[PDB]
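> sequence? don't have it. structure:
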Ligand SMILES: Cc1cc2nc3c(=O)[nH]c(=O)nc-3n(C[C@H](O)[C@H](O)[C@H](O)COP(=O)(O)OP(=O)(O)OC[C@H]3O[C@@H](n4cnc5c(N)ncnc54)[C@H](O)[C@@H]3O)c2cc1C
Ligand SMILES: [Ca+2]
């Protein structure tokens, strides 16, 4: 009503607030630091970078590169701060963390339409409100969210298995079927006893992580994620010794995860192991497995592609809380949530970028992905439609970059009111 609330002044909240301010909407920005600190933060600055100083690859074949370009086109404060705080990095956008957060803090605090409240928010603020409290959302607010939307719709940890691009799978080595109690729609990669022997040992030499389960017993994976019972390999007419199952994560079916392969392994180790699996020898991993302390919402059950809560008009989520991972992804979802909150205040319906753009692909995934055990997502090429034709993958990716950027730009140009 009076000011739009933004809760959390991290990557997402800072961009959401800036977007609101640019559109002339008064903001009340809550930040608990430094009255209360998270386990990861060390300063009282807005948009503090808590770990790596990289915002991702800048290249035209890089999905993060496309998102960076989109955010610049959008006039992002995070991208402005990043460009001005650049430090050397081959192919990646990397920043002087202190200069980055210092600049953002000064530009926001200096804005006449911004009120900053240095307090912990313990209940969802009434009115028009963007929640952007991040992976270390205070326990009070996490509790409040559980009370409002359901215990099972907020997680405190992620445990994500690797997701591969469907088109990169050798389907001649797989079969579609389900075990007892499963959908008949899982993809099954059968393995012989000898193949399992080598795979098990590889896991040892590389929620409980799958590699740890393997360490605990030879048969543990065979009772669990690699269980073959109730499956018949059409090729042999027999039950396989073991399988790796894949399940569809996205609505479009471009993105399939390895079932029960949540892992904390280094990304290069994950790639090497995955490519041992029959059918996945040349698989392209678009989202690597991780296991982190990470508070986030079940976006597919709770949020629209507009980042507005489906059952709470004028309430939005952005950043890690909304189900993304990455500084840039958090800033970008902050932009969209701030944009839609501003539009709401003004009496205009919410918007979302096209499925061809990286931000559009990201938020559409959040809203439409498989809700069961939903895990966070970062920018990747699986999120957008393929490029048809018989070109090389590099050329195809460049085409997806150009197509997405043009589509995002056209979308921006159509906005009324326009971003100044
Ligand atoms: C340990 C760790 C390392 C990470 N390393 C990387 C990395 O290397 N690269 C990468 O891309 N991403 C990394 N991330 C993941 C993620 O991209 C970042 O956490 C990113 O900053 C998320 O942006 P955000 O705005 O959603 O959350 P944050 O930047 O954490 O901002 C949330 C803000 O909300 C505040 N807040 C929380 N609760 C309340 C409350 N109730 N009231 C008021 N304020 C509140 C917090 O103090 C914080 O300022 C890391 C995360 C963690 C936890
Ligand atoms: Ca500089």
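Noted; the coordinates are in hand. Numbers count the residues shown, from 1 in each chain. Ligands and ions are numbered 1, 2, ... in the order given.

> need the residues of the stretch 1-150 of the chain near ligand 1, please.
7-13, 30-33, 38, 40-41, 50-52, 120-121, 132-138, 141 (C-beta under 6 Å from any ligand atom). From N, CA and C alone the C-beta is placed, and that goes for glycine too.

> So which of the residues you listed belong to strands?
Per DSSP state E, strands hold the following members of those: 7, 30.

> Can you say which of the residues of the stretch 1-150 of the chain next to ligand 1 are buried?
7-13, 30-33, 38, 41, 50, 120-121, 132-138, 141 (16 or more other C-beta atoms under 10 Å).

> do you know how far residue 343 is from ligand 1?
With distances taken as C-beta to the nearest ligand atom, to the nearest Å, residue 343 is found 21 Å from ligand 1.

> how much space is there between the nearest residue to residue 40 once chain neighbours are set aside and residue 372?
Of all residues not flanking residue 40 in the chain, residue 50 sits nearest, at 4.3 Å (C-beta to C-beta, 6 or more residues apart in numbering). Using C-beta to C-beta, to the nearest Å, residue 50 is found at 30 Å from residue 372.

> Same check on residue 135?
22 Å.

> Please tell me I have it right and residue 34 contacts residue 45.
No. Under the criterion of C-beta atoms under 8 Å, residue 34 is not in contact with residue 45, lying 9.4 Å apart.

> more crowded one of those two?
More neighbours surround residue 45 than the other of residue 34 and residue 45, with 23 against 12 (other C-beta atoms under 10 Å).

> Please name the spatially closest residue to that one (chain neighbours excluded).
That would be residue 101: by C-beta to C-beta, 6+ apart, it lies 3.8 Å from residue 45.

> Go ahead and confirm the one you found touches residue 46.
Yes. Contact between residue 101 and residue 46 holds when scored by C-beta under 8 Å: they sit 6.4 Å apart.

> Point me to the residue of the stretch 1-150 of the chain nearest ligand 1.
Residue nearest to ligand 1 within the stretch 1-150 of the chain: residue 10 (1.8 Å; C-beta to the nearest ligand atom).

> phi, psi of that residue?
The phi/psi pair for residue 10 (degrees, to the nearest 10) reads phi -90, psi -150.

> distance of the nearest residue to it once chain neighbours are set aside from residue 329?
Once flanking residues are discounted, residue 10 sits nearest to residue 134: 4.9 Å by C-beta to C-beta, 6+ apart. Noted for residue 134: a distance of 12 Å to residue 329, by C-beta to C-beta.

> ok and the residue in the stretch 301-420 of the chain nearest ligand 1?
residue 319 (2.3 Å).

> which residues of the stretch 151-300 of the chain fall in helices?
Ranges of helices within the stretch 151-300 of the chain are 193-205, 210-216, 220-223, 267-274, 299-302, based on DSSP state H, counting those that start in this stretch.

> Turn those into a markdown table, including mean neighbour count and distance to ligand 1.
Conversion of those to a markdown table gives the following (neighbours: other C-beta atoms under 10 Å; distance: least, C-beta to the nearest ligand atom, whole Å):
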| stretch | mean neighbour count | distance to ligand 1 |
| --- | --- | --- |
| helix 193-205 | 15 | 26 |
| helix 210-216 | 18 | 21 |
| helix 220-223 | 17 | 29 |
| helix 267-274 | 17 | 13 |
| helix 299-302 | 22 | 13 |
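
> Quick one: closest of the ones you listed to residue 97.
helix 267-274 (22.6 Å; C-beta to C-beta).

> Just checking the distance from the closest one to the centre of its chain.
The chain centre lies 20 Å from the centre of helix 267-274; the measure is C-alpha atoms, centre = their mean, to the nearest Å.
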